[PDB]
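The structure appears below as structure tokens.
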Amino acid sequence: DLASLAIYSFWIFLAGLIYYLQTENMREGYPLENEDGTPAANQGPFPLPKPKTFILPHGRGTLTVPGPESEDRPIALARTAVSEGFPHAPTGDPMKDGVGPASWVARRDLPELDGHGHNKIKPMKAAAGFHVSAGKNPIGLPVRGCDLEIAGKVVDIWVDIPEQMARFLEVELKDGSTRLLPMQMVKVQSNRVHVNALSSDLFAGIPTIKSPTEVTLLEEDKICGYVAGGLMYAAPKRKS
Amino acid sequence: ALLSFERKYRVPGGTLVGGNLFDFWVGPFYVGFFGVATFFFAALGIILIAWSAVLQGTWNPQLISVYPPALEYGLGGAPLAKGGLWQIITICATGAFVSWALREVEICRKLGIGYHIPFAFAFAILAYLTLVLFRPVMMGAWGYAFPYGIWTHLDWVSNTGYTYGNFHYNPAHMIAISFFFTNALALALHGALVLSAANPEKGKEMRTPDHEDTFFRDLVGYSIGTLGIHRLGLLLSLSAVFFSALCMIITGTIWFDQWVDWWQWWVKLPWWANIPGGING
Amino acid sequence: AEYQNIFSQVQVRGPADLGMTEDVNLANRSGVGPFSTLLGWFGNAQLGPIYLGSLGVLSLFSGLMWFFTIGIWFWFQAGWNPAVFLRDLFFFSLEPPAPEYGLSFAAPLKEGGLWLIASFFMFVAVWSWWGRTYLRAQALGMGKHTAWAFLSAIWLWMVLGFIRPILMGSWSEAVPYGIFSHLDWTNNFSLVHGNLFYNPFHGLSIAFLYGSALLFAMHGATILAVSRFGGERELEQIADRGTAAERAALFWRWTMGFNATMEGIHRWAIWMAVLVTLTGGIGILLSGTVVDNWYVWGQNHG
Ligand code: BCL
Ligand code: BCL
Ligand code: BCL
Ligand code: BCL
Ligand SMILES: CC[C@H]1c2cc3[nH]c4c(c3C)C(=O)[C@H](C(=O)OC)c4c3nc(cc4[nH]c(cc(n2)[C@@H]1C)c(C(C)=O)c4C)[C@@H](C)[C@@H]3CCC(=O)OC/C=C(\C)CCC[C@H](C)CCC[C@H](C)CCCC(C)C
Ligand SMILES: CC[C@H]1c2cc3[nH]c4c(c3C)C(=O)[C@H](C(=O)OC)c4c3nc(cc4[nH]c(cc(n2)[C@@H]1C)c(C(C)=O)c4C)[C@@H](C)[C@@H]3CCC(=O)OC/C=C(\C)CCC[C@H](C)CCC[C@H](C)CCCC(C)C
Ligand SMILES: COC(C)(C)C/C=C/C(C)=C/C=C/C(C)=C/C=C/C(C)=C\C=C\C=C(C)\C=C\C=C(/C)CC/C=C(\C)CCC=C(C)C
Ligand SMILES: [Fe+3]
């Protein structure tokens with residue numbers, strides 16, 4: 001009867017939908033490959049989808065996926081076993097080399113632009129009308145690492161203009177230079193800013209940006225990656 | 001077995017127990033000590049459910065159903081045939097669910113990301129123990145727990161429900177249904193939003209978060225934002241389940257009459273209790 | 001204790017943002033409203049501006065006639081006495097026209113004619129508003145996703161009080177306008193059809209409903225777990241994958257050995273949710289018209 005007809009129709013439909021949905025999520029990272037970088041044997045039952053091209057605004061060009069997947073960067077790791085499936089120990093400073101939790105992706109070395117073609121992010125001292133409207137103002141507060149020592153002090157807040165959101169804390173270290181810390185990675189307390197991930201002696205190790213008024217997608221990734229990996233790697237200092 | 005960008009992440013460490021022992025993969029699957037535990041508690045259980053099937057003399061899935069000890073056994077153990085297997089399988093299930101959670105924590109530690117996922121999972125695991133552990137123990141009888149069966153467990157829902165009249169009247173159950181509905185509203189929207197910006201009309205430029213915040217203001221006057229909608233999503237969700245675990249911990253323990261009757265408190269208020277007319281009076 | 005990004009630690013504010021212009025008629029937009037420090041703790045603080053326009057008003061107005069229409073009736077019930085009105089708010093109800101009247105628009109007010117009136121208003125209020133959501137996305141050059149998925153919501157709404165009542169031959173089959181009034185209709189509808197738990201579409205409907213909560217919980221928590229790398233900035237991760245998109249995929253890769261992309265997941269999202277009212281709309285359209293008892297049906301299968 002109709003009911004029984006409709007119910008089966010639906011299962012066929014749902015199948016096509018799970019097919020479509022799966023092949024759509026294969027536009028990146030695929031085709032799988034061995035630990036050595038060569039294409040793996042079995043690629044699963046799903047076939048890469050036909051490629052699609054995005055038209056990045058502001059004349060930034062285009063993007064086609066799926067497309068040639070490259071890491072466009074060196075990886076300081078070495079196998080730890082003869083068989084597949086084991087960890088790949090770092091061959092240097094995981095933090096410096098940027099591997100594991102300290103990993104970063106080689107993204108465009110330009111900044112994100114708002115719907116107007118302007119740098120989506122700016123240091124607040126260059127943003128008009130922008131001011132800390134609520135909460136404690138970190139500017140001026142000193143910054144502490146996970147070893148209870150002071151790394152430097154906040155000198156300004158880098159904000160997102162279109163979404164009016166704090167994103168980074170430009171910190172001034174002992175030698176006069178600055179570093180950006182992810183807003184999502186620090187505890188702004190009453191009389192300081194606490195950084196749990198890294199430990200004093202590592203704040204200098206954080207990557208630095210070229211221009212002092214804009215961060216690029218790439219530099220954001222190295223700054224963010226570097227601090228996150230400080231969660232695992234820095235530990236041999238994070239007493240507290 | 002690896003995605004183009006995966007190797008740099010497969011570094012040593014992150015484990016909570018055993019150290020380098022189980023710190024390794026198996027295809028895309030990460031293992032870890034807790035990856036073993038879940039296998040253990042899952043193979044054990046499935047077996048118990050298989051055995052429990054022969055004792056019921058049925059292999060059919062739309063029929064098999066491991067029932068809990070009868071109300072007479074109270075909160076004591078029961079014969080493997082009279083709720084015993086059930087009681088044990090519940091332990092395996094709980095243990096499989098917990099081990100899984102902690103496994104995520106380790107997958108988290110390795111990737112250097114927050115613990116929001118394993119945390120939000122714990123709310124489900126919570127609702128589960130609310131049905132098979134807290135409500136029953138407070139009511140002193142493993143019999144108030146639900147059965148393990150495709151439809152047979154649906155009956156349990158229906159019976160337990162009509163035991164208090166239209167269960168629609170449970171105040172919390174009323175709040176939980178709202179968050180569940182809202183959550184679907186919010187998920188449906190967020191997806192249509194992001195997608196309609198990354199996939200604009202043919203040949204046009206990919207919009208930006210800006211066009212998104214714009215679109216909503218035009219439509220509803222406000223726009224929570226890209227970080228907010230993801231905050232709203234996690235919240236609407238865990239709430240819907242919190243209130244669901246709540247409307248059931250109070251039912252049969254502190255309130256055991258018809259739920260439609262609980263609204264008398266309202267209607268029977270001094271100021272209007274006797275005020276003639278209306279629907280009540 | 002480490003910041004979990006649920007509430008901002010510091011709010012920031014700049015000039016009120018009027019939003020992208022594109023081909024929108026700024027003439028019809030409004031003015032920016034107040035900022036909200038309370039709201040700004042979770043998301044955006046800027047209230048307004050909102051685009052009114054024609055279509056919007058038709059809805060915004062039509063939507064009050066429907067609201068007020070039922071409101072009048074409620075007082076007629078509480079005997080214009082506030083104490084009562086307030087006391088029995090959940091119990092009042094503007095029932096639909098009795099079966100006798102059928103699908104005719106001849107039933108008197110106190111006999112189901114007022115219901116017709118109100119509904120009409122609602123039918124306008126929703127549809128006009130639907131065209132609004134499609135329009136406002138066009139003016140910005142965006143896709144019609146929001147408009148399309150909203151259709152799926154409309155689907156179930158159309159079946160519950162229009163499509164089905166019409167197919168049944170009576171405006172009576174509809175849903176009453178009342179808090180408890182409609183809760184009953186719901187429980188009632190089920191008992192009369194052999195217990196909906198036997199409706200295969202209903203059980204499917206639930207699957208997605210729960211699925212929507214499962215998915216949004218995972219998605220939200222994931223995007224929060226990797227916001228320390230700029231996760232929320234989804235659209236950009238889509239044009240230029242970053243560690244956020246990667247660690248995000250790998251987590252689910254190593255957990256359930258299967259994963260998504262920063263764009264893909266949203267396709268899972270919009271679809272997961274949309275199927276709730278699409279399958280629901282079906283399970284209900286068939287109940288009472290082709291199937292009478294879902295228990296009896298779960299037996300012979302037609
Ligand atoms: C799907 C099957 C049934 C059904 C079954 C149920 C069940 C079961 C329940 C509800 C409940 C609700 N239903 Mg219903 N409901 C149906 C169809 C509808 C239709 C329609 C146009 O077809 C509408 C408008 C509603 C609307 C509503 C809400 C009033 C209420 C849920 C809150 C919520 O989060 O909503 C999602 C929507 C939003 C978040 C946006 C709009 C919300 C508006 C602004 C506020 C309503 C406030 C309420 C009247 C406040 C009381 C406050 C007093 C101080 C106590 N239902 C169909 C016919 N509905 C719940 C309830 O609490 O009922 C008493 C509940 O348990
Ligand atoms: C006729 C029956 C009554 C009724 C009786 C009940 C009863 C009785 C109960 C509910 C409950 C609920 N009801 Mg009701 N309900 C009615 C009508 C309605 C209507 C409606 C529109 O009419 C609605 C929207 C609802 C909605 C709801 C939900 C709010 C809530 C269930 C969700 C939940 O708790 O999830 C919580 C989620 C979980 C428990 C899942 C946990 C998952 C675990 C951790 C993992 C499992 C993993 C699995 C084994 C792994 C598989 C792996 C393989 C590899 C695949 N009810 C009618 C009136 N309702 C329930 C509730 O509140 O429960 C707490 C409940 O007990
Ligand atoms: C919440 C209140 C009630 C309840 C009320 C209902 C109601 C009412 C309905 C269901 C329905 C379902 N319930 Mg239930 N259900 C409860 C508790 C559970 C528990 C548990 C461990 O406590 C589990 C595993 C399930 C599982 C299920 C699914 C089999 C089915 C829903 C599909 C879905 O989308 O789910 C959400 C999950 C996902 C989208 C994730 C994917 C998970 C898959 C689907 C799991 C399949 C499990 C398989 C059938 C069991 C395998 C066990 C083996 C030992 C491994 N329920 C509680 C006790 N459930 C629906 C149905 O159609 O049932 C026949 C339905 O209408
Ligand atoms: C005793 C009663 C029966 C029962 C009878 C029914 C009936 C009858 C129906 C459902 C339906 C549903 N039931 Mg049930 N259901 C039961 C038990 C359960 C249990 C359980 C654990 O026991 C669960 C999880 C569910 C779950 C569900 C959902 C999957 C589904 C509704 C989806 C939805 O979002 O609708 C809500 C969404 C809408 C109605 C969308 C339309 C909204 C419109 C477009 C908006 C109008 C807005 C207005 C103009 C604006 C107001 C806003 C202002 C700001 C105020 N039921 C029991 C067994 N259930 C519905 C369905 O579709 O089933 C197949 C349905 O009709
Ligand atoms: C709490 C908020 C919401 C939520 C969140 C949530 N669920 C989650 C997560 C999160 C954040 C995960 O990270 C985790 C995941 O990995 O998802 C892909 C998961 C998950 N949510 C799941 C299910 C699920 N979630 C549900 C709901 C929800 N999940 C809520 C809506 C439901 C409902 C309502 O029906 C279900 C079925 C799992 C698929 C998955 C976790 C998988 C897991 O723990 O796997 C290892 C487990 C086993 C090997 C279990 C076997 C155990 C026993 C040996 C046998 C079976 C016993 C059981 C009692 C039988 C029940 C039979 C039924 C017929 C009654
Ligand atoms: C999978 C389908 C899910 C879904 C999706 C969904 N809903 C949607 C959309 C989508 C994709 C929209 O685009 C649309 C929207 O605009 O969202 C913001 C909408 C929408 N979903 C809504 C409701 C809704 N959705 C529901 C459900 C669902 N929606 C599903 C879970 C439910 C339930 C669970 O019952 C409800 C009630 C509407 C809020 C909204 C469409 C708005 C509309 O139709 O408006 C007509 C206008 C009126 C009725 C105006 C009057 C309103 C009040 C009666 C009076 C008070 C308001 C007045 C403004 C006060 C003034 C006070 C003065 C002091 C200033
Ligand atoms: C304080 O007092 C004032 C005056 C301010 C007023 C207060 C207002 C109040 C107290 C309002 C209370 C209303 C409530 C609580 C309403 C609740 C409605 C609910 C819960 C559900 C609604 C279900 C309705 C759905 C199923 C309706 C669908 C309707 C349609 C699909 C359209 C129907 C179409 C019809 C009859 C045909 C009309 C003709 C044409 C052109 C086709
Ligand atoms: Fe998202």
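By order in the structure tokens, chains are A, B, ...; within a chain, residues start at 1; ligands start at 1, following the order shown.
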If we count only C-alpha atoms, which residues of chain C reach to within 9 Å of chain A? Please list them as a PyMOL selection string.
chain C and resi 1-5+8-15+17+19-20+37+40-41+44-45+200-201+227-230+236+239-244+246-247+259-265+267-268+271+279+282-283+286+290-291+301-302
Find the residues of chain B that sit at most 7 Å from ligand 1; for each, write down the nearest two atoms and how far apart they are in Å, to one decimal. Count only C-alpha atoms and all ligand atoms. Sort by chain, then by number going up, and give it as CSV.
residue,atom,partner,partner_atom_place_in_ligand_line,distance
B:168,CA,ligand 1,8 (C),5.8
B:173,CA,ligand 1,66 (O),6.4
B:174,CA,ligand 1,66 (O),3.7
B:175,CA,ligand 1,62 (O),5.8
B:177,CA,ligand 1,66 (O),5.1
B:178,CA,ligand 1,34 (O),3.3
B:179,CA,ligand 1,34 (O),5.7
B:181,CA,ligand 1,36 (C),5.4
B:182,CA,ligand 1,39 (C),5.0
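Residue list for chain B within 7 Å of chain A: residues 1, 2, 3, 4, 5, 7, 8, 9, 10, 11, 12, 24, 25, 26, 110, 111, 112, 205, 206, 208 and 210 of chain B, counting only C-alpha atoms.
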Quiz item: If we count only C-alpha atoms, what is near segment 259-266 of chain B at a cut-off of 10 Å, once residues fewer than 4 positions away on the same chain are taken out, given as an MDAnalysis selection string?
Solution: (chainID B and resid 162:171 251 255 270 272:273 280) or (chainID C and resid 87:88 90 180)
Next item on the list: Select from segment 17-47 of chain B everything DSSP, run on the backbone, classes as strand (DSSP E or B), then give the selection as number ranges by chain.
Entry: B: 25-26, 29-30
Selection as a list in words: residues within 6 Å of ligand 3 by only C-alpha atoms and all ligand atoms: residues 46, 128, 146, 150, 151, 154 and 157 of chain B; 203, 204, 206, 207, 208, 210 and 211 of chain C
